[PDB]
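In PDB author numbering, the protein residues as written are 4 to 125, 127 to 261.
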Amino acid sequence: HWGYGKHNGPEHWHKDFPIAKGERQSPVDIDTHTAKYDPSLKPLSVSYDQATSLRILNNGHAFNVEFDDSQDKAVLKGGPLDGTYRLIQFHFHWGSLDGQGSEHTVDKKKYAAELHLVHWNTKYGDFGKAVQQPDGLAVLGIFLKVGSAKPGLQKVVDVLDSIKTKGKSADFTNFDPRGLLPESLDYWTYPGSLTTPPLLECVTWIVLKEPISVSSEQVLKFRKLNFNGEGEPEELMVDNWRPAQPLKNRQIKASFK
Ligand SMILES: NS(=O)(=O)c1nnc(NS(=O)(=O)c2ccccc2)s1
Ligand SMILES: [Zn+2]
């Protein structure tokens, strides 16, 4: 099965998922001097006041926090988007060391981790249909740097011991993702793909300029998770990030100058 090890990592994915060598794969390095300011881009509208989290799951390559998306509770609109996108899950990618872990990079700089808030376009009726469309998903990406603790993250950090191995899940209600956002919503955007198999090219990426800071202790707890199932030999869940892919015939646009 695919994963992040030496024998089944990103460099091998293309044998089972040939779209890995596609025209708009992600992630990609954001060159801040060649990104184009676009004054036509609108501010992001993040409406998370009615979000309903349900549970947290270790899926063997990350942990997902899942939300109820049966109704327009937590939605993303505006920015480069047309239409309403519903939040369905968030997850992180992180490194074994503080100098790596993010998927996108900024002028080749890597961050300690990257938060992905995944949303789908409600005009396609369900998530499975949305992932088959070029504008079906919108993922909000937020960088994490190591510094002062993020109070909003601690609820997540404290439950990780309950889902240490693959396939474990726990109830995770009344979590407010607003506590994970930076102060500013300035962003870069480009058309891209999921960064894990099946690597579908259905994503409008929105990457926030301002990182959030988390403490060393907080990220350390991430690194104690396991890729393996219970009873299996222990493999720590670290470096679950895909390297930057070529930009090809794409333009990254900036919401700010
Ligand atoms: N890193 S990333 O692109 O946001 C994603 N990686 N895995 C994801 N999972 S997911 O959206 O629930 C998903 C699950 C099944 C098929 C397509 C997408 S999103
Ligand atoms: Zn992701």
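Note that CB positions come from ideal geometry on N, CA and C, so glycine has one too.
Does residue i come out as helix, strand or coil in the three-state DSSP assignment?
i, result
"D165", "helix"
"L120", "strand"
"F93", "strand"
"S220", "helix"
"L44", "coil"
"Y51", "coil"
"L57", "strand"
"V160", "helix"
"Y191", "strand"
"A153", "coil"
"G8", "coil"
"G132", "helix"
"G183", "helix"
"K213", "coil"
"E26", "coil"
Below 8 Å on the Cβ atoms is my guess for residue i versus residue j; work out the distance and round it to an integer in Å.
i, j, result
"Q222", "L164", "Contact flag wrong, Cβ pair sits at about 10 Å."
"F226", "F93", "So it is not a contact: roughly 14 Å between Cβ atoms."
"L118", "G145", "7 Å"
"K149", "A115", "6 Å"
List the DSSP bridge partners of residue i.
i, result
"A142", "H122, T208"
"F147", "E117"
"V31", "Partner(s): none; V31 has no beta bridge."
"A174", "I59"
"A258", "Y40, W192"
"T108", "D32"
For ligand 2, residues whose Cβ lies under 6 Å from any non-hydrogen atom: Around ligand 2, the residues whose beta-carbon falls short of 6 Å from at least one of its heavy atoms are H94, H96, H119, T199, given in chain order.
Ordered list of beta strand (DSSP E) runs contained in the segment 223-252, each at least 3 residues: You should have found no qualifying run.
Inside the segment 59-88 only - beta strand (DSSP E) runs reaching at least 3 residues: For the segment 59-88, the continuous beta strand (DSSP E) assignments of 3+ residues that do not extend past its boundaries occur at 66-70, 78-81, in sequence order.
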